[PDB]
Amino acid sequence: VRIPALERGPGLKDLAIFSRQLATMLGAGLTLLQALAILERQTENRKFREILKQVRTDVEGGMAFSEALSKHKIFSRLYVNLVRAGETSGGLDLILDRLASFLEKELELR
């Protein structure tokens, strides 16, 4: 039996909450790394928490945010591609706000 396969991983809800949190902190003026350190402490799903600690570690080491995300299935191609556009435009706050709103509405539908 593959025990890890049995563990509840991040859901739509988990991703929506994460995205809103980050949106909120980036919009308020916190840096990406400041926001991630706060988020990695306030994430409910253990597997998502482990994911986000790895993302923050990667970024703190100098890897791009979009590439750190791209390591993890929970982030779709469009999500990563949009985040990638944000890195180069200095509009991550706007990108994350729109992704979060999209996800929140997907959530309440489902």
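Quick note: we count residues from 1 along the sequence shown, nothing fancier.
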{"item": "Mean temperature factor over C-alpha atoms, higher-scoring stretch between 25 to 33 and 71 to 79", "value": "71 to 79"}
{"item": "B-factor third for the C-alpha atom of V1 within its chain", "value": "highest"}
{"item": "Relative C-alpha B-factor of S66, binned into the chain's lowest, middle or highest third", "value": "lowest"}
{"item": "Modelled-residue ranking by C-alpha temperature factor, third containing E60", "value": "lowest"}
